[PDB]
Amino acid sequence: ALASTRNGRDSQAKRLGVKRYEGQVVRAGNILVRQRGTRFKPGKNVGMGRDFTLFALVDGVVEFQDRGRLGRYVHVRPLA
Amino acid sequence: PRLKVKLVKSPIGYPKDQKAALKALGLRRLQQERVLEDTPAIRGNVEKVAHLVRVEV
Amino acid sequence: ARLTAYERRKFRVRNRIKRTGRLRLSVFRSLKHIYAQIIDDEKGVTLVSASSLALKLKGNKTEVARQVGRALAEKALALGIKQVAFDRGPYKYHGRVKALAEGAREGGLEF
Amino acid sequence: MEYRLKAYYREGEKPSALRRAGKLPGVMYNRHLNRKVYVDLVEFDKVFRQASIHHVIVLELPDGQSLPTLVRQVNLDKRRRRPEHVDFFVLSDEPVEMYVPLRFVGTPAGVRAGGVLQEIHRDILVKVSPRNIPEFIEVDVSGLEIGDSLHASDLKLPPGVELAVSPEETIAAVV
Amino acid sequence: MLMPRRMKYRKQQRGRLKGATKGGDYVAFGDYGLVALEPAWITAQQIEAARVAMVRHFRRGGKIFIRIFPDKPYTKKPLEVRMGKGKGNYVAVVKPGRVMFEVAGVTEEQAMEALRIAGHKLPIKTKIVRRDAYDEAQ
RNA sequence: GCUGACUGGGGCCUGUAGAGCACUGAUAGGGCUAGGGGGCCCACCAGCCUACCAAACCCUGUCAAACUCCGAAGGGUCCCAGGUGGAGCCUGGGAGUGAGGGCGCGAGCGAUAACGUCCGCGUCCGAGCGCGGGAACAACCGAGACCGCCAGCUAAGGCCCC
RNA sequence: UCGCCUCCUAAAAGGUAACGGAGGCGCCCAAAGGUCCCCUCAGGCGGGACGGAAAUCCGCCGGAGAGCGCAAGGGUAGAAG
RNA sequence: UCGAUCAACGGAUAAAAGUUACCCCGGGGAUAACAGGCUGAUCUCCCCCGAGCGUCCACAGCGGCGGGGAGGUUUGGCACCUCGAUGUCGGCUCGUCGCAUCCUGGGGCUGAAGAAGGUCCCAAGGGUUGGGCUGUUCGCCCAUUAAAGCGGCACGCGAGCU
RNA sequence: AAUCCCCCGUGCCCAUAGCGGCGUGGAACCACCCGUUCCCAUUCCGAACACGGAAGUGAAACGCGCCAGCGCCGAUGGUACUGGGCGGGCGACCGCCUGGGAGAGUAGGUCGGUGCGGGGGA
Ligand SMILES: [Mg+2]
Ligand SMILES: [Mg+2]
Ligand SMILES: [Mg+2]
Ligand SMILES: [Mg+2]
Ligand SMILES: [Mg+2]
Ligand SMILES: [Mg+2]
Ligand SMILES: [Mg+2]
Ligand SMILES: [Mg+2]
Ligand SMILES: [Mg+2]
Ligand SMILES: [Mg+2]
Ligand SMILES: [Mg+2]
Ligand SMILES: [Mg+2]
Ligand SMILES: [Mg+2]
Ligand SMILES: [Mg+2]
Ligand SMILES: [Mg+2]
Ligand SMILES: [Mg+2]
Ligand SMILES: [Mg+2]
Ligand SMILES: [Mg+2]
Ligand SMILES: [Mg+2]
Ligand SMILES: [Mg+2]
Ligand SMILES: [Mg+2]
Ligand SMILES: [Mg+2]
Ligand SMILES: [Mg+2]
Ligand SMILES: [Mg+2]
Ligand SMILES: [Mg+2]
Ligand SMILES: [Mg+2]
Ligand SMILES: [Mg+2]
Ligand SMILES: [Mg+2]
Ligand SMILES: [Mg+2]
Ligand SMILES: [Mg+2]
Ligand SMILES: [Mg+2]
Ligand SMILES: [Mg+2]
Ligand SMILES: [Mg+2]
Ligand SMILES: [Mg+2]
Ligand SMILES: [Mg+2]
Ligand SMILES: [Mg+2]
Ligand SMILES: [Mg+2]
Ligand SMILES: [Mg+2]
Ligand SMILES: [Mg+2]
Ligand SMILES: [Mg+2]
Ligand SMILES: [Mg+2]
Ligand SMILES: [Mg+2]
Ligand SMILES: [Mg+2]
Ligand SMILES: [Mg+2]
Ligand SMILES: [Mg+2]
Ligand SMILES: [Mg+2]
Ligand SMILES: [Mg+2]
Ligand SMILES: [Mg+2]
Ligand SMILES: [Mg+2]
Ligand SMILES: [Mg+2]
Ligand SMILES: [Mg+2]
Ligand SMILES: [Mg+2]
Ligand SMILES: [Mg+2]
Ligand SMILES: [Mg+2]
Ligand SMILES: [Mg+2]
Ligand SMILES: [Mg+2]
Ligand SMILES: [Mg+2]
Ligand SMILES: [Mg+2]
Ligand SMILES: [Mg+2]
Ligand SMILES: [Mg+2]
Ligand SMILES: [Mg+2]
Ligand SMILES: [Mg+2]
Ligand SMILES: [Mg+2]
Ligand SMILES: [Mg+2]
Ligand SMILES: [Mg+2]
Ligand SMILES: [Mg+2]
Ligand SMILES: [Mg+2]
Ligand SMILES: [Mg+2]
Ligand SMILES: [Mg+2]
Ligand SMILES: [Mg+2]
Ligand SMILES: [Mg+2]
Ligand SMILES: [Mg+2]
Ligand SMILES: [Mg+2]
Ligand SMILES: [Mg+2]
Ligand SMILES: [Mg+2]
Ligand SMILES: [Mg+2]
Ligand SMILES: [Mg+2]
Ligand SMILES: [Mg+2]
Ligand SMILES: [Mg+2]
Ligand SMILES: [Mg+2]
Ligand SMILES: [Mg+2]
Ligand SMILES: [Mg+2]
Ligand SMILES: [Mg+2]
Ligand SMILES: [Mg+2]
Ligand SMILES: [Mg+2]
Ligand SMILES: [Mg+2]
Ligand SMILES: [Mg+2]
Ligand SMILES: [Mg+2]
Ligand SMILES: [Mg+2]
Ligand SMILES: [Mg+2]
Ligand SMILES: [Mg+2]
């Protein structure tokens with residue numbers, strides 16, 4: 001309807017974002033980024049799960065890469 | 001060399017990190033003079049609280 | 001029309017290959033010749049080379065191709081290289097490009 | 001007809017102070033130079049009411065050189081609407097774009113006294129070699145009738161130099 | 001009256017009156033301006049009050065520019081208390097140093113005595129201005 | 001058992017303030033122009049004039065929580081240092097609390113009302129109705145009361161008399 | 001009005017209230033799924049029988065405004081279409 | 001692997017609607033109705049501007065559209081003391097104060113000949129009737145009058161009455 | 001063999017590499033080109049993809065230059081805003097200190113740069 005109130009909803013926050021930043025040490029499996037579209041693409045030693053979710057493939061440290069119109073990139077550098 | 005930091009004004013009513021700071025200079029009561037090295041970390045806290053304690057070299 | 005069919009399928013197959021992260025056995029083929037170049041990316045660097053040009057052979061372009069494959073294996077295997085992935089570029093795996101690849105086993109392989 | 005002001009230099013000396021001081025921060029530049037300068041506000045004002053990015057201002061300043069500037073920016077701060085700072089462009093001989101005022105000459109010249117006059121531009125932007133700078137532009141066009149839009153090159157083009165265009169736009173009309 | 005057609009959203013949050021006019025402010029169309037010394041929500045009905053005072057002031061003659069527009073919807077409840085928002089019931093946000101109004105094609109002594117009337121219809125203090133070098137070229 | 005708040009350096013994350021108009025929308029003045037509002041000459045396709053309608057388009061000029069070509073200060077997190085503190089982490093025993101309030105800043109609701117209401121970050125009262133200033137006054141300024149002193153220096157605020 | 005999703009509020013990490021502002025879900029698809037191979041939009045202008053603002057065809061221009069089963073967001077043609 | 005609008009969607013039972021002015025207990029000023037308080041949208045009264053009407057027009061008398069305030073008498077907002085009780089409308093009795101003045105006194109202007117009015121200024125000393133109707137306050141009406149004023153005091157006043 | 005230059009691949013920076021105009025290149029690379037027997041093709045078409053070729057052409061495409069009309073990049077100075085510290089205003093809001101500091105815009109910039117490998121000249 002109009003007045004009484006037709007509004008009132010909202011959904012739960014999804015706690016989305018970057019979970020490991022540059023030069024943080026990770027282990028195989030650690031998810032690195034939680035995100036909706038392809039907003040960061042998977043890099044070197046980095047997986048992407050069906051919900052667009054990026055994880056470390058290998059132990060290591062995380063480096064961020066901005067490739068211009070190729071988008072932004074997350075890799076894991078071994079010395080695992 | 002080293003700085004002489006003395007508490008001249010009460011921290012009552014200033015944000016908690018401003019109080020946390022005087023613990024890093026380990027200043028507790030008022031008037032308290034303290035003598036510590038001039039290095040950038042010890043200088044950071046001294047600056048943060050500069051509206052309370054007065055400094056000298 | 002921007003960015004042609006050629007350059008799309010071009011990128012398409014490279015990108016897929018480039019993920020698995022092997023050494024890349026890339027294949028250019030002109031209407032006259034057929035060349036093949038084994039690359040390591042992340043160093044952006046070529047390792048082994050083979051051409052119908054620098055080998056100066058001719059007649060039956062396919063048969064010429066099988067040769068520049070064996071030519072590559074032989075030179076390549078000599079540096080330790082055994083496993084790689086076949087780039088196949090913007091070319092149907094068929095004919096001349098097929099032939100160089102099936103001439104590139106006997107030597108480093110899985111094609 | 002011809003204008004000069006003064007100018008001084010500065011390095012430190014926070015703008016707020018200078019501005020309290022009756023003076024007026026600004027900068028001097030061109031392809032070969034960029035330099036920090038100030039002027040007197042009350043002095044500058046008298047000149048600029050006249051010159052107004054239309055005529056050339058020759059500065060002065062110490063050394064004493066005398067520098068052939070065009071004023072290419074004035075930031076007035078919006079609350080008090082009064083200049084907070086000034087851009088002084090120094091000329092050398094290479095063509096440079098700029099704004100020439102416009103002399104509308106005639107009577108309404110057809111439909112006289114009259115339709116409505118409607119001047120759509122008091123200026124035009126034109127590329128000009130500094131040496132010859134056409135201090136105004138007589139535009140008559142006694143054709144001057146109801147409804148038309150004169151474009152650009154239908155202007156006199158005082159001898160020196162060409163438009164910074166666009167060749168097709170709206171200068172005036174009557175209705 | 002003055003009002004948009006077509007809005008994306010019917011109601012919209014109040015927000016602040018913080019700052020200086022941020023554009024508008026330099027006297028672009030006319031010989032004389034009326035400039036805002038204070039912030040305020042100026043109402044479609046105050047604007048039209050001022051516009052008419054001026055045309056009435058000269059001859060049906062002259063030319064008038066306005067140049068602020070009431071695109072911000074202004075809600076009010078009835079004498080109720082609290083359940084939802086709404087309703088109804090338009091303003092233009094106006095910070096200091098903005099040119100509203102701004103006449104042309106009239107004698108200075110006309111424009112100025114009309115702009116004086118005009119600002120008597122406004123919730124804020126105002127300033128009459130003329131035109132300048134300072135209003136540049138563009 | 002040195003890892004703590006806080007702080008220095010370095011990296012990465014972000015889309016607010018401000019601003020902008022490239023998107024989505026709104027939007028003032030002018031120009032040029034589709035369709036026509038049909039003045040009409042038709043009442044054959046025609047068909048021209050528009051101080052009315054008008055897309056887009058150009059020029060000037062603006063506005064936006066659910067617009068963004070841009071975008072600070074700050075904020076988060078990790079590394080390396082300082083930092084021995086009624087600091088920190090681990091296991092376990094005992095709780096109480098789950099009516100908060102004022103004020104400052106940033107928002108929403110409200111009427112650019114409320115000693116209004118609802119969140120955010122701080123603070124103080126709560127529990128500092130102990131002390132000094134503000135005439136008097138929880139929360140504004142000053143300041144964290146272990147005991148004693150017929151000694152000194154100051155804070156805020158004050159220095160004509162009370 | 002009550003659970004779930006999208007946006008804003010939300011003060012550039014996460015999180016964050018109100019009988020604050022706006023919308024959606026309670027399904028669907030044996031192909032709308034897996035893989036290999038190929039292909040690239042919408043729009044505009046010009047040309048073309050029946051064809052009209054639009055059916056199909058041909059040319060040029062068109063980096064994505066289209067599409068991605070449905071709301072919104074993010075994403076996306078170097079594909080997710 | 002199936003049976004859930006267990007949708008009040010962390011889902012009391014397999015199984016459930018109303019009424020109480022005939023009501024009761026435990027609590028709450030955590031929460032409504034009265035009054036006060038904050039607020040002042042609404043209300044009453046000023047003031048700015050000044051299109052315009054007024055033959056003409058200095059606004060004699062009016063005053064559109066808009067703007068700024070004052071007062072705290074209305075209707076409300078809020079929910080702050082009071083629910084281990086602050087008795088509620090109206091009348092009667094008894095007043096007292098405010099002044100935004102109903103009359104009387106003194107003024108200016110007038111579209112004031114006189115008389116009589118209009119409007120605004122000063123002024124709170126005193127005065128400000130009796131009746132029909134209705135619980136009424138208000139209001140209407142009759143007959144008079146110098147006039148038949150508007151408010152505040154817990155909509156003054158129930159340990160004073162009704 | 002290094003060095004340089006041209007071509008061909010193929011990376012990288014991610015428009016200062018872009019659009020448009022102009023000019024230039026076929027020996028060699030490359031392309032278009034000759035054909036459709038064969039492998040393989042077209043919801044029709046050897047257009048595309050594919051093969052077997054080598055007569056011609058640098059027209060298209062591609063490469064290399066040069067033009068600043070567009071596009072893209074873009075200071076310095078000054079403001080806005082602001083961490084932290086203080087004031088002022090009934091309010092809306094405003095100012096000072098210290099530290100950080102845009103966006104628009106102005107001056108300019110730009111018709112790319114570069115790694116590995118080949119082929120050819122040096
Ligand atoms: Mg959400
Ligand atoms: Mg204090
Ligand atoms: Mg902190
Ligand atoms: Mg602007
Ligand atoms: Mg209002
Ligand atoms: Mg209620
Ligand atoms: Mg005013
Ligand atoms: Mg330590
Ligand atoms: Mg950091
Ligand atoms: Mg903003
Ligand atoms: Mg826009
Ligand atoms: Mg915004
Ligand atoms: Mg930038
Ligand atoms: Mg340490
Ligand atoms: Mg503890
Ligand atoms: Mg415990
Ligand atoms: Mg509870
Ligand atoms: Mg609670
Ligand atoms: Mg609370
Ligand atoms: Mg303040
Ligand atoms: Mg409260
Ligand atoms: Mg409040
Ligand atoms: Mg609090
Ligand atoms: Mg308590
Ligand atoms: Mg405490
Ligand atoms: Mg007390
Ligand atoms: Mg006290
Ligand atoms: Mg006292
Ligand atoms: Mg006291
Ligand atoms: Mg106290
Ligand atoms: Mg103590
Ligand atoms: Mg005193
Ligand atoms: Mg958004
Ligand atoms: Mg957030
Ligand atoms: Mg935040
Ligand atoms: Mg956040
Ligand atoms: Mg619904
Ligand atoms: Mg099309
Ligand atoms: Mg067509
Ligand atoms: Mg899309
Ligand atoms: Mg969507
Ligand atoms: Mg969608
Ligand atoms: Mg989307
Ligand atoms: Mg339930
Ligand atoms: Mg529940
Ligand atoms: Mg839940
Ligand atoms: Mg059950
Ligand atoms: Mg019962
Ligand atoms: Mg009963
Ligand atoms: Mg009984
Ligand atoms: Mg009973
Ligand atoms: Mg009881
Ligand atoms: Mg009472
Ligand atoms: Mg009450
Ligand atoms: Mg009381
Ligand atoms: Mg009031
Ligand atoms: Mg009041
Ligand atoms: Mg008044
Ligand atoms: Mg009340
Ligand atoms: Mg209460
Ligand atoms: Mg409360
Ligand atoms: Mg009670
Ligand atoms: Mg009692
Ligand atoms: Mg009384
Ligand atoms: Mg009086
Ligand atoms: Mg009298
Ligand atoms: Mg009298
Ligand atoms: Mg009189
Ligand atoms: Mg008389
Ligand atoms: Mg009296
Ligand atoms: Mg009386
Ligand atoms: Mg009787
Ligand atoms: Mg009776
Ligand atoms: Mg009645
Ligand atoms: Mg009576
Ligand atoms: Mg009452
Ligand atoms: Mg009473
Ligand atoms: Mg009684
Ligand atoms: Mg009593
Ligand atoms: Mg009593
Ligand atoms: Mg770009
Ligand atoms: Mg040739
Ligand atoms: Mg030749
Ligand atoms: Mg050519
Ligand atoms: Mg720029
Ligand atoms: Mg700068
Ligand atoms: Mg500050
Ligand atoms: Mg900049
Ligand atoms: Mg270029
Ligand atoms: Mg290269
Ligand atoms: Mg070479």
# chains A, B, ... in the order shown; residues from 1 in each chain; ligands from 1

$ select_by_dssp --residues "segment 9-149 of chain D" --states "helix (DSSP H, G or I)" --output "MDAnalysis selection string"
chainID D and resid 15:20 41:50

$ residues_around --residues "segment 46-63 of chain H" --least-positions-apart "5" --cutoff "6 Å" --atoms "only C-alpha atoms (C1' of nucleotides)" --output "JSON, numbers by chain"
{"E": [120], "H": [110, 111]}

$ residues_around --residues "segment 84-96 of chain C" --least-positions-apart "6" --cutoff "6 Å" --atoms "only C-alpha atoms (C1' of nucleotides)" --output "JSON, numbers by chain"
{"C": [9, 10, 22, 23, 24, 25, 26, 27, 62, 65]}

$ residues_near_ligand --ligand "ligand 15" --cutoff "10 Å" --atoms "only C-alpha atoms (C1' of nucleotides) and all ligand atoms" --output "number ranges by chain"
F: 86-88

$ atom_distance --atom1 "atom CA of residue 105 of chain D" --atom2 "atom CA of residue 149 of chain D"
16.2 Å

$ residues_near_ligand --ligand "ligand 26" --cutoff "9 Å" --atoms "only C-alpha atoms (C1' of nucleotides) and all ligand atoms" --output "VMD selection string"
chain F and resid 129 137 to 138

$ write_last_selection --atoms "N, CA, C and O atoms (P, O5', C5', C4', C3', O3' and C1' of nucleotides)" --output "PDB file, in the first residue's frame"
ATOM      1  P     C F 129      29.675  14.351  42.182  1.00  0.00           P
ATOM      2  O5'   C F 129      28.298  13.544  42.139  1.00  0.00           O
ATOM      3  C5'   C F 129      27.803  12.820  43.273  1.00  0.00           C
ATOM      4  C4'   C F 129      27.127  13.690  44.324  1.00  0.00           C
ATOM      5  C3'   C F 129      26.256  12.936  45.336  1.00  0.00           C
ATOM      6  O3'   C F 129      26.663  13.004  46.747  1.00  0.00           O
ATOM      7  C1'   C F 129      25.009  14.726  44.294  1.00  0.00           C
ATOM      8  P     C F 137      24.375  24.646  44.108  1.00  0.00           P
ATOM      9  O5'   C F 137      23.693  24.124  42.777  1.00  0.00           O
ATOM     10  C5'   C F 137      22.520  23.350  42.820  1.00  0.00           C
ATOM     11  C4'   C F 137      22.221  22.771  41.466  1.00  0.00           C
ATOM     12  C3'   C F 137      23.375  22.040  40.815  1.00  0.00           C
ATOM     13  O3'   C F 137      23.466  20.705  41.266  1.00  0.00           O
ATOM     14  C1'   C F 137      22.432  23.574  39.278  1.00  0.00           C
ATOM     15  P     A F 138      24.765  19.843  40.930  1.00  0.00           P
ATOM     16  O5'   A F 138      24.470  19.260  39.473  1.00  0.00           O
ATOM     17  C5'   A F 138      23.717  18.094  39.265  1.00  0.00           C
ATOM     18  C4'   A F 138      24.599  16.953  38.841  1.00  0.00           C
ATOM     19  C3'   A F 138      25.166  17.001  37.430  1.00  0.00           C
ATOM     20  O3'   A F 138      26.387  17.714  37.350  1.00  0.00           O
ATOM     21  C1'   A F 138      24.111  14.937  37.787  1.00  0.00           C
TER      22        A F 138
END

$ interface_residues --of "chain A" --to "chain C" --cutoff "12 Å" --atoms "only C-alpha atoms" --output "PyMOL selection string"
chain A and resi 42-47

$ write_last_selection --atoms "N, CA and C atoms" --output "short mmCIF file (atom, residue, chain, number, x, y, z; two decimals), in the first residue's frame"
data_model
loop_
_atom_site.label_atom_id
_atom_site.label_comp_id
_atom_site.auth_asym_id
_atom_site.auth_seq_id
_atom_site.Cartn_x
_atom_site.Cartn_y
_atom_site.Cartn_z
N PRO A 42 41.06 -13.81 -10.32
CA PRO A 42 42.08 -14.59 -9.59
C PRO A 42 43.45 -14.46 -10.24
N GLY A 43 44.50 -14.30 -9.41
CA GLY A 43 45.86 -14.27 -9.91
C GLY A 43 46.70 -15.55 -9.90
N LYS A 44 48.00 -15.35 -9.64
CA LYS A 44 48.93 -16.46 -9.55
C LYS A 44 48.64 -17.21 -8.22
N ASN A 45 48.37 -18.52 -8.34
CA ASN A 45 48.07 -19.37 -7.17
C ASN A 45 46.82 -18.92 -6.41
N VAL A 46 45.78 -18.58 -7.15
CA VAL A 46 44.59 -18.05 -6.55
C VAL A 46 43.39 -18.65 -7.26
N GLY A 47 42.47 -19.25 -6.50
CA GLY A 47 41.31 -19.90 -7.09
C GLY A 47 40.11 -18.96 -7.14
#

$ residues_around --residues "segment 61-78 of chain E" --least-positions-apart "4" --cutoff "8 Å" --atoms "only C-alpha atoms (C1' of nucleotides)" --output "VMD selection string"
(chain E and resid 2 to 4 10 to 12 24 29 to 30 42 to 44 51 55 85 to 94 99 to 106) or (chain F and resid 26 to 29 61 to 63 111)

$ interface_residues --of "chain A" --to "chain F" --cutoff "10 Å" --atoms "only C-alpha atoms (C1' of nucleotides)" --output "ChimeraX atom specification"
/A:17-25,62-64

$ residues_around --residues "segment 41-55 of chain D" --least-positions-apart "2" --cutoff "6 Å" --atoms "only C-alpha atoms (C1' of nucleotides)" --output "PyMOL selection string"
(chain D and resi 22-24+71+99-100) or (chain E and resi 133)

$ residues_near_ligand --ligand "ligand 55" --cutoff "9 Å" --atoms "only C-alpha atoms (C1' of nucleotides) and all ligand atoms" --output "ChimeraX atom specification"
/H:35-37,81-82,86,154

$ residues_near_ligand --ligand "ligand 78" --cutoff "9 Å" --atoms "only C-alpha atoms (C1' of nucleotides) and all ligand atoms" --output "list in words"
residues 87, 158, 161 and 162 of chain H

$ write_last_selection --atoms "C-alpha atoms (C1' of nucleotides)" --output "PDB file, in the first residue's frame"
ATOM      1  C1'   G H  87     -10.557  15.149  42.843  1.00  0.00           C
ATOM      2  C1'   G H 158     -14.782  21.244  46.127  1.00  0.00           C
ATOM      3  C1'   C H 161     -20.104  25.409  48.852  1.00  0.00           C
ATOM      4  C1'   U H 162     -22.793  23.242  45.030  1.00  0.00           C
TER       5        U H 162
END
